[PDB]
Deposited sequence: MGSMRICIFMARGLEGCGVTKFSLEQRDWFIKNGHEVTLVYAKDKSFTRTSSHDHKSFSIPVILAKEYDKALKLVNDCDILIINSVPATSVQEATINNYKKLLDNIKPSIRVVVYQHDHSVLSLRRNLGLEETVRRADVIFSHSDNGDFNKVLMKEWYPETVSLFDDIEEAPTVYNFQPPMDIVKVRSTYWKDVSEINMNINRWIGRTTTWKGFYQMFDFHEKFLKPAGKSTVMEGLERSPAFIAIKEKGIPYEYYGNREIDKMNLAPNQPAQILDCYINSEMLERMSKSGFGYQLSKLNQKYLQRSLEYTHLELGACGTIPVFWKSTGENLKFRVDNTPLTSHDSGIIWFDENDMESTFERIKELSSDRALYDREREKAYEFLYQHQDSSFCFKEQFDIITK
């Protein structure tokens, strides 16, 4: 047994790094370990309430509570750092952050996970080079990437088993006329391809489309400037949502993760159209990818992403397996629509497919396999 301190020096953004952090805590605890979740409250974000953490996470203001922070990160056997201060923070914050790195007990094994898989990243990171100099172990999403002592690979795991046994519904309860897209307002999440698809196929067939997570950040202005039809709702107005036929895309903003899993488990189809560049592509799928195969719905993933990510077991393209995963192709959206109405009539098939994906995604990124993988390297 050991004490682990998970540190998010950037703050709790409420996305994959926060998620990863929560799933990381769950696993250590599940394997009999003490975990303290600490985050720097200097900077504030929006999706702060998207994941449940308030009752156990420990905030700290680096620019003003250095000693509190020092006491915190030095009270453990293993320090895992998942994020670092952003470029928009004050000198005192980044500076005091760097001062923490220099005063971490020589005995504490410092493990650093580089969660950003974009060249654009690392630029929005401060004190990154000092974190790397003190790290005892480093993990990244890809070897053939921008980032590149010894850098190991990892996948952001999730307890897919748990999610199923909580939300997985009975086919007879899944409305085949609802298409749900989840992600956020950045172009590579594929929100345009989703708006198109609805306008060209989904809407016509009196089907419905929902898109959760599109925050009205500056990026949202492009959607407006292009005059794309949509009806906007907040989490408290999710009741006014019009799930009728031939309607425009219903857009929900920053959503609660638990609630989303519920609405999804009762949805004929779930869309995750992220299209990341193969440089930073190896084996890592994204949380929203694994949340679809787990809640019990047919997963529509971006075709070229599957063609670029390797399966954890054999190291081969994900698209070269019978996952029951519908690979969305921007250059053949009608064929993709085929495999959809198809499974949307023979609910018997739909259910023999959603079972195939869950097993596939389970074998690929469940915490049971991945964290054990990462734990062996940390303690190697």
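Comparing the deposited sequence with the modelled residues, the stretches lacking C-alpha coordinates are 1-2, 151-171.
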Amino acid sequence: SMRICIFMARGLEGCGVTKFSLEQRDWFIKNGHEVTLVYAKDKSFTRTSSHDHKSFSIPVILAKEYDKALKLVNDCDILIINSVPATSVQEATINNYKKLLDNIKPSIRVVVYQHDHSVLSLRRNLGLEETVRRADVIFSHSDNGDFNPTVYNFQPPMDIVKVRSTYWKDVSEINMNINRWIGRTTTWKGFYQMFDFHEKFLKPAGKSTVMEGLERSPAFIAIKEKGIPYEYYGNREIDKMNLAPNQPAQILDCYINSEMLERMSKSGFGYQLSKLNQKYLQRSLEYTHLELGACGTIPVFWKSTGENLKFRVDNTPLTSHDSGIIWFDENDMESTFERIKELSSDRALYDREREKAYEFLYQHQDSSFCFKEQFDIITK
From here on, numbers count along this sequence of modelled residues.
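Take the two forms, superpose them, and find the largest set of C-alpha atoms that agree within 1.5 Å; that set is the rigid core.
Fitting each structure in 4 other deposited structures of this protein onto the rigid core and averaging C-alpha distances over structures and residues, 212-220 emerges as the more displaced of 172-180 and 212-220. Comparing 69-77 with 230-238 in 4 other deposited structures of this protein, after superposition on the rigid core, the stretch with the greater RMS C-alpha deviation is 230-238. Mean CA B-factor, 354-362 versus 21-29: the higher value falls on 354-362. Of the two stretches examined, 118-126 and 92-100, the record assigns the greater average C-alpha temperature factor to 118-126.
Each of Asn74, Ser83, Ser142, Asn257 has a CA temperature factor in the record; the biggest one is found at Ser142. The top Cα temperature factor in the record, among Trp181, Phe154, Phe201, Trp188, falls on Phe201. Split the chain's modelled residues into thirds by C-alpha temperature factor. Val60 is in the lowest one. When the modelled residues of the chain are ordered by their C-alpha B factor, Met194 lands in the middle third. Among the modelled residues of its chain, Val313 has a C-alpha B-factor that falls in the middle third according to the deposited record. Annotation for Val137: C-alpha temperature factor in the lowest third relative to the rest of the modelled chain, per the entry. Among the modelled residues of the chain, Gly268 sits in the middle third by CA temperature factor in this PDB entry.
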